[PDB]
Amino acid sequence: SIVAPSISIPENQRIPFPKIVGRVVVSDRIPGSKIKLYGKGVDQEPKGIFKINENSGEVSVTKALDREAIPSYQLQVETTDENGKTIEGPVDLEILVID
Ligand SMILES: [Zn+2]
(Lines give C-alpha, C1' and ligand atoms only; values in the text may rest on other atoms or scores of the structure.)
Protein backbone atom coordinates (compact mmCIF):
# COMPACT_ATOMS: atom_id res chain seq x y z
CA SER A 1 0.00 0.00 0.00
CA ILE A 2 0.95 3.69 0.07
CA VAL A 3 1.98 5.63 3.16
CA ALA A 4 1.72 9.45 2.73
CA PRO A 5 2.10 11.15 6.16
CA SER A 6 1.01 14.75 6.54
CA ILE A 7 3.65 17.45 6.23
CA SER A 8 3.82 20.81 8.01
CA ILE A 9 6.02 23.45 6.45
CA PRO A 10 6.57 26.73 8.23
CA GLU A 11 5.92 29.85 6.09
CA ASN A 12 8.89 32.02 5.08
CA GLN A 13 11.52 29.24 4.82
CA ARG A 14 14.92 30.44 3.66
CA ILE A 15 16.93 29.14 0.75
CA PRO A 16 18.11 26.88 -0.46
CA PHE A 17 15.30 25.43 -2.49
CA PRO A 18 14.28 22.73 -3.25
CA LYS A 19 13.99 21.23 0.23
CA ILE A 20 12.92 17.72 0.97
CA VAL A 21 9.95 17.93 3.39
CA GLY A 22 8.85 14.32 3.54
CA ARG A 23 8.68 10.99 1.79
CA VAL A 24 5.99 8.70 0.63
CA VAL A 25 6.78 5.06 1.42
CA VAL A 26 5.33 1.93 -0.13
CA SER A 27 8.14 -0.51 0.90
CA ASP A 28 6.45 -3.60 -0.45
CA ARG A 29 6.77 -1.76 -3.73
CA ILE A 30 7.14 -2.99 -7.32
CA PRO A 31 10.25 -2.83 -9.60
CA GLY A 32 10.43 -0.37 -11.07
CA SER A 33 7.12 1.23 -10.27
CA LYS A 34 7.14 4.94 -9.63
CA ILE A 35 5.45 7.19 -7.12
CA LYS A 36 3.45 10.02 -8.69
CA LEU A 37 2.23 13.22 -7.06
CA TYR A 38 -0.71 15.37 -8.51
CA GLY A 39 -3.01 18.22 -7.49
CA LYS A 40 -3.19 21.97 -6.78
CA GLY A 41 0.42 22.91 -5.96
CA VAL A 42 1.84 20.43 -8.42
CA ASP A 43 0.34 20.12 -11.86
CA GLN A 44 -2.66 22.36 -11.21
CA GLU A 45 -2.30 26.00 -10.16
CA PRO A 46 -0.26 26.99 -8.40
CA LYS A 47 1.99 24.79 -10.51
CA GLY A 48 5.37 23.40 -9.41
CA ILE A 49 5.32 24.32 -5.73
CA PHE A 50 5.79 20.63 -4.75
CA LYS A 51 7.49 17.74 -6.51
CA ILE A 52 8.29 14.18 -5.81
CA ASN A 53 11.25 11.99 -6.55
CA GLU A 54 9.46 9.23 -8.46
CA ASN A 55 11.92 6.63 -7.11
CA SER A 56 12.60 7.47 -3.44
CA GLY A 57 9.16 9.08 -2.92
CA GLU A 58 10.79 12.09 -1.27
CA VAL A 59 8.60 15.20 -1.60
CA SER A 60 10.22 18.62 -1.99
CA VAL A 61 8.98 22.16 -1.78
CA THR A 62 10.45 24.53 -4.37
CA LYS A 63 10.06 27.99 -2.80
CA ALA A 64 9.11 29.88 0.41
CA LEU A 65 5.40 29.71 1.21
CA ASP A 66 3.07 32.40 2.62
CA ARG A 67 0.41 31.04 5.05
CA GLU A 68 -1.87 34.02 4.32
CA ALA A 69 -1.88 33.22 0.63
CA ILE A 70 -2.58 29.44 0.81
CA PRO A 71 -2.65 27.83 4.28
CA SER A 72 -2.76 24.26 3.07
CA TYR A 73 -2.51 21.92 0.11
CA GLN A 74 -4.08 18.53 -0.51
CA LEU A 75 -2.37 16.44 -3.08
CA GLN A 76 -2.93 12.93 -4.45
CA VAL A 77 -0.19 10.25 -4.50
CA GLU A 78 -0.17 6.96 -6.32
CA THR A 79 2.21 4.34 -7.59
CA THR A 80 2.40 3.57 -11.31
CA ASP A 81 4.07 0.99 -13.53
CA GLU A 82 6.71 1.98 -16.04
CA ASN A 83 3.81 3.11 -18.24
CA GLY A 84 2.36 5.50 -15.71
CA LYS A 85 -0.66 3.23 -15.44
CA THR A 86 -2.06 3.27 -11.88
CA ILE A 87 -1.32 0.35 -9.51
CA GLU A 88 -1.92 1.70 -6.00
CA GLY A 89 -3.70 5.01 -5.42
CA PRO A 90 -4.79 7.49 -4.86
CA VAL A 91 -4.20 8.56 -1.30
CA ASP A 92 -4.17 12.07 0.11
CA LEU A 93 -1.02 13.84 1.00
CA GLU A 94 -1.97 16.79 3.16
CA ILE A 95 0.49 19.74 3.48
CA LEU A 96 -0.16 22.38 6.15
CA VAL A 97 1.67 25.72 6.02
CA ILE A 98 2.14 26.66 9.60
CA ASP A 99 2.51 30.13 11.02
ZN1 LIG B 1 4.23 33.49 10.92
Side-chain angles (χ1 to χ4, degrees):
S1 41
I2 314 189
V3 167
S6 71
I7 297 177
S8 297
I9 301 170
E11 61 167 355
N12 306 319
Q13 285 182 318
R14 293 301 309 270
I15 42 160
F17 294 102
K19 283 187 207 302
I20 296 171
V21 290
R23 31 184 265 286
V24 165
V25 188
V26 192
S27 168
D28 55 339
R29 175 159 68 128
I30 296 63
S33 73
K34 38 222 204 294
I35 301 148
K36 260 187 33 149
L37 182 67
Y38 185 89
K40 68 189 104 171
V42 185
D43 55 357
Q44 304 170 3
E45 303 289 351
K47 284 184 208 203
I49 303 182
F50 301 95
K51 59 180 177 70
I52 193 162
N53 173 295
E54 57 159 23
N55 305 314
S56 73
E58 294 159 307
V59 182
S60 293
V61 67
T62 63
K63 52 185 276 203
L65 306 177
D66 180 356
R67 187 173 190 260
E68 288 171 315
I70 290 165
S72 66
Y73 298 86
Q74 196 171 51
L75 319 173
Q76 72 158 308
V77 48
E78 56 193 27
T79 57
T80 68
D81 329 50
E82 186 257 33
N83 284 336
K85 175 179 153 286
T86 308
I87 302 187
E88 20 198 284
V91 294
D92 304 331
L93 164 51
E94 288 126 14
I95 298 177
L96 181 69
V97 184
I98 54 158
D99 215 330

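Side chains are part of it too, since the values below use all heavy atoms of this structure and drop only hydrogens, waters and symmetry mates. Along the sequence shown, residues carry numbers from 1. Each ligand, and each atom within it, is numbered from 1 in the order the structure gives.
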*Is any protein N, O or S atom closer than 2.8 Å to the Zn ion (ligand 1), and if so, which?*
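The answer, once waters are left aside, is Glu11 OE2, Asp99 OD1.
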
*Are any side-chain N or O atoms of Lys34 and backbone N or O atoms of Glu82, one a donor and one an acceptor, separated by less than 3.5 Å?*
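Yes, the answer is positive, given that a donor and an acceptor are paired below the 3.5 Å cut-off.
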
_Under a 3.5 Å distance rule, please check whether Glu11 uses its side chain to pair with a backbone N or O of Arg67 as donor and acceptor._
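Here the side-chain-to-backbone pair exists.
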
*Any side-chain heavy atom of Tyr73 sitting closer than 4.5 Å to one from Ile9?*
no

*asked:* With heavy-atom distances below 4.5 Å as the criterion, would you say the side chains of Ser60 and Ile20 are in contact?
replied: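 Yes, their side chains come closer than 4.5 Å.
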
*By side-chain contact (heavy atoms from CB on, under 4.5 Å) - contacts of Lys19 (at least two apart)*: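 In terms of side-chain contact (heavy atoms from CB on, under 4.5 Å), with neighbours along the sequence ignored, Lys19 is linked to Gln13, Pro16, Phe17, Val61.
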
*Looking at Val97, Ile98, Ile70, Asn12, which hits side chain to side chain contact (heavy atoms under 4.5 Å, CB included) with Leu65?*
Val97

